[PDB]
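Below is one structure, written out as structure tokens; the observations come after it.
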Amino acid sequence: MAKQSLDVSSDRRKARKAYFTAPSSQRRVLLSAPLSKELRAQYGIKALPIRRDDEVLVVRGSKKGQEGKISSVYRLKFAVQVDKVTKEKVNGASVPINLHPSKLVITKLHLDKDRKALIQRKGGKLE
Amino acid sequence: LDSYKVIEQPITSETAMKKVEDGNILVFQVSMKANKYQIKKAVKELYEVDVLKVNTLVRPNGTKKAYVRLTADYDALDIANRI
Amino acid sequence: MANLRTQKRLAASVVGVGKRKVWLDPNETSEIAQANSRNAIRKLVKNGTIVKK
Amino acid sequence: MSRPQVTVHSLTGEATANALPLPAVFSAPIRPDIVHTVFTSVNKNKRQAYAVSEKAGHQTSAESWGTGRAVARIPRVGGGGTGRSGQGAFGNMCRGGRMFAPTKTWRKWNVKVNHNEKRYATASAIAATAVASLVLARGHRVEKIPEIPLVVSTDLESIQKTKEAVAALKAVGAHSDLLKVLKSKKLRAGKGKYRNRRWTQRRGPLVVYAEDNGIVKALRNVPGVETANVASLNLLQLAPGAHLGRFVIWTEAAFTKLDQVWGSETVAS
Amino acid sequence: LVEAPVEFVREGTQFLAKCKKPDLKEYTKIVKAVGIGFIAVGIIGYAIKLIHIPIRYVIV
Amino acid sequence: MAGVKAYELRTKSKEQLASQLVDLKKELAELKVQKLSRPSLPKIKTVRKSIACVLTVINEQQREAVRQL
Amino acid sequence: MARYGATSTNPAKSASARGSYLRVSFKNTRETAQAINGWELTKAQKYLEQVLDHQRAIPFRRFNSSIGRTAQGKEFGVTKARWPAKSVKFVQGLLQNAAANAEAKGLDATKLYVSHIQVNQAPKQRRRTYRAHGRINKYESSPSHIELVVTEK
Amino acid sequence: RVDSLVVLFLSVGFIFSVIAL
Amino acid sequence: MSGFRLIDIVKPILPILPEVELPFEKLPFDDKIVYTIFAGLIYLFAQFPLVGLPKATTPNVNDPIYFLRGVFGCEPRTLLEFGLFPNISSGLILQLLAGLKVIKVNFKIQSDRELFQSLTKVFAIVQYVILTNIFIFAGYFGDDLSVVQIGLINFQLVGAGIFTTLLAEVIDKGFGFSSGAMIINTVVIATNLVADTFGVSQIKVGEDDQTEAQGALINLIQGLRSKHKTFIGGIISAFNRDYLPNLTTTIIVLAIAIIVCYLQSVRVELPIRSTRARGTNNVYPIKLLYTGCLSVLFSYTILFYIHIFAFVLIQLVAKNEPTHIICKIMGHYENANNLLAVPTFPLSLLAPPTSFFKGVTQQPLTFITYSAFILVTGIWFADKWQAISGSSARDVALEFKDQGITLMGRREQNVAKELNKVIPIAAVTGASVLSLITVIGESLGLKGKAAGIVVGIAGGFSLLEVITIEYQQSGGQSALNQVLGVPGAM
Amino acid sequence: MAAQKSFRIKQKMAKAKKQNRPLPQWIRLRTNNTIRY
Amino acid sequence: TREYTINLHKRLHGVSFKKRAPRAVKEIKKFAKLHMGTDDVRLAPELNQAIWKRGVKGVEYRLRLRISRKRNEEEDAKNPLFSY
RNA sequence: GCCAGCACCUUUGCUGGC
RNA sequence: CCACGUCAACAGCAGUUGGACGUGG
RNA sequence: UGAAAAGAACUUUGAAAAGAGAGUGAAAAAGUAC
RNA sequence: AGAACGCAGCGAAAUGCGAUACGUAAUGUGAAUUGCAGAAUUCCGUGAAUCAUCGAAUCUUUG
């Protein structure tokens with residue numbers, strides 16, 4: 001995850017900086033999921049922050065091989081709902097199923113005109 | 001310029017809508033700093049009226065209720081259909 | 001009668017009495033229950049459903 | 001034409017020549033009581049701790065104005081009411097509040113170093129790395145024989161490159177001793193991780209060189225390895241935990257630099 | 001045509017223009033409910049007519 | 001032109017904006033209360049607080065002009 | 001989670017009912033539980049119906065604390081009858097659930113025997129009783145959570 | 001209260017009456 | 001009686017007349033279907049004649065009246081010549097009094113809600129007795145007599161017409177499905193449609209209009225296709241000849257059916273937000289045609305009832321010859337110099353121009369006036385429907401709105417305000433485009449269920465919508481297996 | 001006792017009584033609630 | 001009908017105490033239960049007036065009661081217990 | 001405003017006394 | 001307080017009842 | 001409590017509370033101060 | 001410095017702001033925000049943040 005070193009917090013304090021500090025565009029960092037090898041070559045990157053129209057497959061877990069569009073992902077909870085399965089009850093009470101972004105690999109992209117422009121150009125640390 | 005809006009919102013309730021029927025009486029809720037003159041002026045420029053009595057009293061909602069009697073010729077039925 | 005705590009009070013109030021004197025008909029006790037207004041007990045008094053001692 | 005004289009060993013290497021004598025500072029009787037005493041002296045200076053706070057004490061005004069009913073005042077403490085308090089809280093006799101000294105700091109401990117004691121400590125440490133059979137006892141494995149403790153080239157400074165780290169480590173063999181470190185026992189430590197306790201991995205070897213450091217950027221990192229100098233070294237690097245007989249690797253020019261001192265301290269047995 | 005009825009028929013033609021012109025599976029549903037609705041038809045007026053002709057046979 | 005914030009609104013001068021604002025306050029004084037309805041609406045929330053967002057604009061321009069004088 | 005607790009039955013020869021967090025005695029329903037018994041659902045039911053009319057109480061083995069000098073019965077193995085109809089209602093409301101979960105079972109019809117019954121501390125309601133000089137003593141209105149299970153014999 | 005069989009009987013005896021006469 | 005009393009109620013004659021009182025027991029589900037097809041099997045016997053023998057012999061009653069037939073729910077020359085006509089009429093009268101607000105009633109009180117219902121069924125039987133004295137002053141029966149068997153004939157129709165208002169009630173008390181008003185309208189189509197199109201051909205002659213050549217579908221298609229047991233051949237497509245094309249009447253049951261079953265499929269879509277989620281959800285359509293269904297029944301009924309300008313009540317004053325305040329200035333119903341004789345010039349331009357041939361394009365003026373009138377009457381009863389209870393615009397919008405905010409518990413928002421933009425401006429015009437589409441289907445042709453078919457196959461597709469939704473979303477044999485159900489939330 | 005008069009002091013504690021918390025439960029589902037009141 | 005005199009010289013002079021009356025109403029209830037061979041006994045407000053007219057102390061001793069039957073049977077038992 | 005009678009299902013109308 | 005709706009807790013048992021609970025005025 | 005609320009559908013019984021069986025999940029003597 | 005009472009689409013708990021009342025601005029960013037029921041705004045460039053600004057326009061009442 002985070003790269004050593006400057007802040008020397010052992011510490012459950014460091015864990016809480018992931019949990020509660022830094023919404024959407026430093027949950028860019030924590031909702032990033034690694035590209036394949038076809039599309040690593042294509043854009044020259046390595047990983048890409050998730051889109052809601054990206055199709056993404058689960059690699060780790062107990063639900064470790066399913067594809068599907070991302071129905072929702074939450075900035076606070078940093079957890080990806082995949083569409084779907086789900087797992088129904090018979091009257092239509094229907095359920096999320098949430099996952100972790102770094103336990104996924106993104107297969108097909110929906111990347112935009114100047115979405116990739118900002119990401120590709122240097123990075124940063126310009127907020 | 002330190003003027004304020006008076007009417008925060010008009011009160012509508014079971015007793016409030018009864019007043020409209022009785023003698024063309026709308027009933028409002030106005031600021032805690034509200035004054036008789038500014039209630040008279042406000043309803044003039046938002047409903048086109050002549051006010052025939054302003055009297056005000058406190059409500060436990062905190063905002064001060066304002067009892068506003070209005071003209072016979074006003075017709076409070078079809079402009080209480082506006083609001 | 002059931003839950004006519006309110007219709008003892010209201011029936012008494014409109015005839016201006018202490019709540020002892022006011023009488024509620026046993027036969028048409030259901031029709032006294034269905035009132036719940038101060039003009040709906042004007043009707044009942046005039047019929048003789050509610051009377052005053 | 002032979003005295004403590006050593007044959008040079010290189011990382012190329014596949015040695016071809018000879019080296020300067022082994023130090024006479026590698027001679028002196030190995031003594032484990034001194035080794036342990038020096039080790040605990042240095043870490044006490046650094047250590048401090050934290051615990052319960054509120055104040056330490058004392059929210060909570062009193063002078064001992066307990067009110068008798070039964071069994072007593074109790075014995076202690078007064079103020080007061082539907083809390084908290086009793087005692088309390090102000091204890092001890094605590095079911096919620098502080099202990100009997102909230103961790104105190106305060107508490108002057110330490111060991112102040114003396115000039116003579118410090119240079120005795122270093123001399124004994126350098127004569128505790130001259131063994132061989134306490135390497136296995138500590139818990140690290142050396143396949144290679146003989147040439148112990150090991151000697152390496154001057155080219156150790158230059159790296160830099162990651163793949164030349166692997167090239168160095170095969171020669172000193174070792175190698176699988178540093179694959180021990182990165183493998184479970186490594187695991188996860190609990191609340192004892194914070195101050196180091198810890199659970200449960202074992203150390204790898206030490207490397208030492210004379211001029212430098214060297215310690216360069218990429219001699220930092222490599223698993224279980226540590227890097228030191230003959231000018232500055234200590235018993236946390238020559239025996240972490242004070243269970244003497246660390247696997248230590250050296251590099252030529254160590255002898256000449258170490259030997260000349262003034263100073264004033266030399267071997268006796 | 002004043003302000004009131006032009007306003008009235010402005011939203012009265014968004015009413016009539018939400019289409020969704022009939023797809024071929026809605027068409028199938030119309031066909032089978034006017035197939036059921038043509039055989040409900042098909043036994044009722046048939047029954048009446050068959051026994052109507054015997055009335056004029058029996059009574060001249 | 002179409003809308004209502006935030007590049008039309010900011011640079012607008014200003015008698016025009018004031019006239020519009022109080023007639024977007026007659027949308028919400030025809031729709032208060034209740035007439036709320038039950039609402040939210042995100043229109044009502046935005047226009048309630050676009051009275052807020054642009055009376056800060058109106059009082060900012062007056063404030064800054066007095067410091068340029 | 002809970003029950004049997006005497007595990008053997010087995011569930012194809014069982015019916016079950018449980019109360020849960022009702023405000024009827026702990027002390028006097030352990031005695032009713034020990035004494036139901038045992039006896040079919042019908043025998044237990046009709047005993048507790050006749051209890052309401054005139055037939056005590058149900059024998060008290062161990063909670064037999066004085067009381068006056070007592071009494072008449074019955075008085076089989078006991079001599080200290082009371083008459084709490086509070087605990088009667090609780091066990092009747094347990095039995096009706098157990099006899100309407102023993103009506104789709106479908107098993108039937110002789111069989112029975114109340115295999116196990118156990119009562120739990122739901123807890124104690126904590127209330128107070130006034131006495132003297134601003135000092136105040138404990139008062140409990142006793143509640144219970146109960147479990148009932150039966151087996152074919 | 002009459003019944004739904006009284007209405008049923010009425011009509012089928014009425015239809016009978018008309019054909020008969 | 002008289003005495004000296006203050007009364008104006010006609011109480012003592014009321015139990016001296018054998019009126020009706022109605023059930024009592026009801027049974028679902030296999031005894032709803034059994035007893036509501038039993039109801040339609042007592043109606044089915046329209047094959048039976050009506051007693052009266054000087055009018056069933058030589059004249060055999062005058063030519064069938066194809067204008068009344070589609071909305072009455074009737075068949076001429078039988079026990080049920082009036083059908084629902086006075087029952088719906090007592091609905092028109094009291095929709096008019098209540099909705100005009102000459103009499104004002106608030107229908108959310110139990111006492112005056114069921115006062116309305118009782119008053120309607122009393123006035124249906126009062127309207128029955130005057131309808132059967134209207135129908136012997138029409139001159140329909142081919143004879144006019146002094147009081148003898150002209151008194152008996154009117155008794156019979158009322159005595160089997162208090163039966164057809166019993167059928168309406170029995171089904172409505174839960175011993176059948178739907179309403180018995182809807183059912184008898186949708187077996188008028190059953191009687192009329194397959195008599196017309198499947199039929200059977202027979203050989204007899206008659207100068208007057210008779211049913212000898214009928215059964216258009218068999219006549220047309222089997223002569224086109226090949227030959228049958230009957231020796232036929234050749235194609236008959238279109239003619240203006242006396243002999244019917246057969247193609248004409250086959251096309252114009254289909255033509256209307258496509259476009260009036262699709263007007264209900266034009267719907268007003270209403271968003272919600274949501275059922276479980278935050279975001280877009282149901283498209284929630286409301287029926288276009290079924291809201292206006294009882295509005296356009298009122299509208300179409302009145303075009304056969306007005307003294308000033310309608311069919312039944314002007315055919316009386318054409319037949320009756322004293323000329324005073326009432327005269328045949330209302331309209332002239334007589335034989336014409338025209339080849340086809342239907343009223344030469346009446347004030348009934350509210351009359352449909354259609355017959356069981358093709359439409360009329362020869363008078364555009366009577367077409368415009370007809371369309372204009374029924375749109376005006378189609379918005380007249382639209383706002384009387386709104387005024388008189390149901391899911392009132394004021395009451396329902398107000399109720400959920402202040403029920404939701406403070407409750408329980410509590411809760412917040414509904415879509416009610418944002419769909420009070422959509423619904424009441426779609427309700428009035430939803431019975432103005434329904435009265436427009438009934439006439440434009442009639443323009444193509446078709447008679448004797450001209451506007452009966454339109455509300456009967458779109459009353460049969462209204463029926464389809466309800467049952468399919470119940471099957472596939474509420475439970476039964478279902479289609480929820482494909483994709484369901486409600487996801488979102490956490 | 002006396003204060004700075006006044007009817008106004010009574011009015012703003014009348015509002016406070018109404019504004020009191022009390023009560024609901026739909027947010028105790030979605031938290032992290034640690035029982036209170 | 002039948003007519004009986006319930007003897008209220010028996011036990012209804014030895015009671016008091018203070019509470020003769022609510023016990024007394026109950027005693028009449030289960031005397032009329034035995035005599036008539038019935039379950040429910042109606043206990044009219046005529047009887048209630050007759051035993052609280054003199055009020056507790058405060059009974060008129062033996063009282064006459066008129067009583068009827070019963071054959072209904074258990075479904076909606078009829079025992080008039082006033083004057084039939 | 002209160003009380004009484006008659007008409008009226010009520011909402012009301014009429015008459016007399018205070 | 002007043003009106004309407006309820007019995008989980010609270011009322012010294014109990015409850016179809018409440019000054020309780022909950023929401024309007 | 002759990003990786004994820006998947007915080008237990010549906011059916012029978014009970015005045016209700018609740019219980020029976022059943023559903024979910026790796027584990028329900030992990031069923032909610034868990 | 002500190003405090004009262006308000007504000008809300010909701011208001012349990014926390015602090016976010018002042019009758020304009022968790023508002024928004026100026027840098028700046030990229031597909032998810034409005035805690036959720038619920039009502040809707042955005043998604044091949046103007047929705048959305050304290051990720052970073054001892055930085056801002058508005059600013060009741062008490063001190």
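Chain identifiers are assigned as A, B, and so on, following the order in which chains appear in the structure tokens; residues are numbered from 1 within each chain, and ligands are numbered from 1 in order of appearance.
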Identify all residues of chain C in alpha helix (DSSP H) (DSSP on the backbone) and supply them as an MDAnalysis selection string.
chainID C and resid 6:14 29:33 40:47
May I have the residues from that selection written out with N, CA, C and O atoms, as an mmCIF file, in the first residue's frame?
data_model
loop_
_atom_site.group_PDB
_atom_site.id
_atom_site.type_symbol
_atom_site.label_atom_id
_atom_site.label_comp_id
_atom_site.auth_asym_id
_atom_site.auth_seq_id
_atom_site.Cartn_x
_atom_site.Cartn_y
_atom_site.Cartn_z
ATOM 1 N N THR C 6 -63.444 10.676 26.409
ATOM 2 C CA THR C 6 -63.527 11.845 25.576
ATOM 3 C C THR C 6 -64.962 12.267 25.334
ATOM 4 O O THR C 6 -65.233 13.461 25.280
ATOM 5 N N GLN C 7 -65.922 11.316 25.200
ATOM 6 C CA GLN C 7 -67.290 11.641 24.846
ATOM 7 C C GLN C 7 -68.136 11.790 26.084
ATOM 8 O O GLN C 7 -69.317 12.116 25.985
ATOM 9 N N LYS C 8 -67.545 11.610 27.288
ATOM 10 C CA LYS C 8 -68.137 12.052 28.529
ATOM 11 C C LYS C 8 -67.815 13.511 28.690
ATOM 12 O O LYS C 8 -68.678 14.298 29.073
ATOM 13 N N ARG C 9 -66.547 13.889 28.395
ATOM 14 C CA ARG C 9 -66.046 15.231 28.563
ATOM 15 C C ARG C 9 -66.658 16.196 27.580
ATOM 16 O O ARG C 9 -67.092 17.274 27.975
ATOM 17 N N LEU C 10 -66.709 15.823 26.277
ATOM 18 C CA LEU C 10 -67.171 16.668 25.196
ATOM 19 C C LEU C 10 -68.662 16.869 25.245
ATOM 20 O O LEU C 10 -69.140 17.978 25.009
ATOM 21 N N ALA C 11 -69.426 15.796 25.571
ATOM 22 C CA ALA C 11 -70.867 15.832 25.706
ATOM 23 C C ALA C 11 -71.292 16.721 26.844
ATOM 24 O O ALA C 11 -72.273 17.450 26.736
ATOM 25 N N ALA C 12 -70.533 16.673 27.964
ATOM 26 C CA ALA C 12 -70.726 17.513 29.119
ATOM 27 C C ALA C 12 -70.395 18.956 28.849
ATOM 28 O O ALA C 12 -71.070 19.846 29.352
ATOM 29 N N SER C 13 -69.322 19.212 28.063
ATOM 30 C CA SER C 13 -68.773 20.524 27.798
ATOM 31 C C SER C 13 -69.727 21.395 27.014
ATOM 32 O O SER C 13 -69.832 22.591 27.285
ATOM 33 N N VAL C 14 -70.443 20.810 26.022
ATOM 34 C CA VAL C 14 -71.312 21.549 25.131
ATOM 35 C C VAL C 14 -72.614 21.916 25.819
ATOM 36 O O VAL C 14 -73.272 22.874 25.418
ATOM 37 N N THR C 29 -75.050 3.747 21.941
ATOM 38 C CA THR C 29 -73.749 4.085 22.482
ATOM 39 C C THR C 29 -72.681 4.117 21.402
ATOM 40 O O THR C 29 -71.725 4.883 21.497
ATOM 41 N N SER C 30 -72.846 3.283 20.346
ATOM 42 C CA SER C 30 -71.996 3.219 19.178
ATOM 43 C C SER C 30 -72.065 4.489 18.366
ATOM 44 O O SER C 30 -71.071 4.907 17.777
ATOM 45 N N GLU C 31 -73.259 5.123 18.308
ATOM 46 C CA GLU C 31 -73.495 6.316 17.531
ATOM 47 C C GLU C 31 -73.031 7.552 18.265
ATOM 48 O O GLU C 31 -72.803 8.587 17.643
ATOM 49 N N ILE C 32 -72.855 7.463 19.608
ATOM 50 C CA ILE C 32 -72.282 8.514 20.424
ATOM 51 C C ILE C 32 -70.789 8.491 20.235
ATOM 52 O O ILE C 32 -70.152 9.539 20.127
ATOM 53 N N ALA C 33 -70.212 7.265 20.148
ATOM 54 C CA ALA C 33 -68.808 7.014 19.924
ATOM 55 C C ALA C 33 -68.364 7.594 18.608
ATOM 56 O O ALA C 33 -67.300 8.205 18.529
ATOM 57 N N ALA C 40 -71.182 17.406 16.131
ATOM 58 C CA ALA C 40 -71.673 16.065 15.925
ATOM 59 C C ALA C 40 -72.378 15.596 17.167
ATOM 60 O O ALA C 40 -73.033 14.555 17.153
ATOM 61 N N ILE C 41 -72.281 16.385 18.264
ATOM 62 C CA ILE C 41 -72.925 16.109 19.521
ATOM 63 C C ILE C 41 -74.046 17.097 19.712
ATOM 64 O O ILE C 41 -74.821 16.966 20.654
ATOM 65 N N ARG C 42 -74.198 18.085 18.790
ATOM 66 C CA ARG C 42 -75.373 18.929 18.710
ATOM 67 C C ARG C 42 -76.523 18.133 18.159
ATOM 68 O O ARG C 42 -77.657 18.277 18.615
ATOM 69 N N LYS C 43 -76.232 17.258 17.164
ATOM 70 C CA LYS C 43 -77.182 16.366 16.545
ATOM 71 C C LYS C 43 -77.729 15.378 17.540
ATOM 72 O O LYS C 43 -78.940 15.180 17.612
ATOM 73 N N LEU C 44 -76.837 14.764 18.354
ATOM 74 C CA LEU C 44 -77.175 13.745 19.320
ATOM 75 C C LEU C 44 -78.041 14.280 20.428
ATOM 76 O O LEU C 44 -78.985 13.613 20.843
ATOM 77 N N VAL C 45 -77.754 15.511 20.919
ATOM 78 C CA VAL C 45 -78.522 16.169 21.956
ATOM 79 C C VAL C 45 -79.933 16.453 21.488
ATOM 80 O O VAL C 45 -80.882 16.233 22.241
ATOM 81 N N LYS C 46 -80.105 16.931 20.228
ATOM 82 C CA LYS C 46 -81.397 17.308 19.693
ATOM 83 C C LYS C 46 -82.316 16.126 19.480
ATOM 84 O O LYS C 46 -83.520 16.231 19.711
ATOM 85 N N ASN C 47 -81.757 14.961 19.059
ATOM 86 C CA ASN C 47 -82.481 13.710 18.934
ATOM 87 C C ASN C 47 -82.994 13.232 20.274
ATOM 88 O O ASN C 47 -84.135 12.783 20.373
#
Find the spatial neighbours of stretch 9-26 of chain A, counting only C-alpha atoms (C1' of nucleotides), within a cut-off of 6 Å - ignore same-chain residues fewer than 2 positions away - and output them as a PyMOL selection string.
(chain A and resi 7+28-29+75) or (chain O and resi 51)
Could you write those residues out with C-alpha atoms (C1' of nucleotides), as a PDB file, in the first residue's frame?
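Saved as out.pdb:
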ATOM      1  CA  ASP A   7       5.607   9.429   9.050  1.00  0.00           C
ATOM      2  CA  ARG A  28      -8.174   7.076  -6.255  1.00  0.00           C
ATOM      3  CA  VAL A  29      -5.207   5.355  -4.606  1.00  0.00           C
ATOM      4  CA  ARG A  75     -15.400   6.204  -1.123  1.00  0.00           C
TER       5      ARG A  75
ATOM      6  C1'   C O  51      -6.782  14.404   0.323  1.00  0.00           C
TER       7        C O  51
END
All residues 9 Å or closer to stretch 217-222 of chain D, only C-alpha atoms (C1' of nucleotides), same chain fewer than 2 positions away omitted, as JSON, numbers by chain:
{"D": [156, 157, 159, 160, 161, 162, 165, 178, 214, 215, 224, 225, 226, 227]}
Using only C-alpha atoms (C1' of nucleotides) and a distance of at most 10 Å, pull out the residues of chain G that contact chain M, as a PyMOL selection string.
chain G and resi 86+127-129+139+141
Spatial neighbours of residue L:3, max dist 12 Å, only C-alpha atoms (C1' of nucleotides), sep filter under 6 positions, as a PDB file with N, CA, C and O atoms (P, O5', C5', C4', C3', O3' and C1' of nucleotides), in the first residue's frame:
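Dumped everything to out37.pdb:
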ATOM      1  P     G L  16     -95.384  35.343  20.043  1.00  0.00           P
ATOM      2  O5'   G L  16     -95.293  34.637  21.458  1.00  0.00           O
ATOM      3  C5'   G L  16     -96.506  34.456  22.205  1.00  0.00           C
ATOM      4  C4'   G L  16     -96.228  33.655  23.483  1.00  0.00           C
ATOM      5  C3'   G L  16     -95.241  34.289  24.466  1.00  0.00           C
ATOM      6  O3'   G L  16     -95.897  35.323  25.210  1.00  0.00           O
ATOM      7  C1'   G L  16     -94.712  32.024  24.209  1.00  0.00           C
ATOM      8  P     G L  17     -95.008  36.445  25.899  1.00  0.00           P
ATOM      9  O5'   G L  17     -94.247  35.678  27.057  1.00  0.00           O
ATOM     10  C5'   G L  17     -94.972  35.334  28.247  1.00  0.00           C
ATOM     11  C4'   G L  17     -94.066  34.559  29.211  1.00  0.00           C
ATOM     12  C3'   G L  17     -92.846  35.329  29.717  1.00  0.00           C
ATOM     13  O3'   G L  17     -93.246  36.216  30.767  1.00  0.00           O
ATOM     14  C1'   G L  17     -92.185  33.168  29.080  1.00  0.00           C
ATOM     15  P     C L  18     -92.422  37.546  31.020  1.00  0.00           P
ATOM     16  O5'   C L  18     -90.994  37.027  31.464  1.00  0.00           O
ATOM     17  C5'   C L  18     -90.812  36.539  32.800  1.00  0.00           C
ATOM     18  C4'   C L  18     -89.388  35.994  32.975  1.00  0.00           C
ATOM     19  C3'   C L  18     -88.254  36.992  32.738  1.00  0.00           C
ATOM     20  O3'   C L  18     -88.090  37.836  33.896  1.00  0.00           O
ATOM     21  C1'   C L  18     -87.735  34.984  31.644  1.00  0.00           C
TER      22        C L  18
END
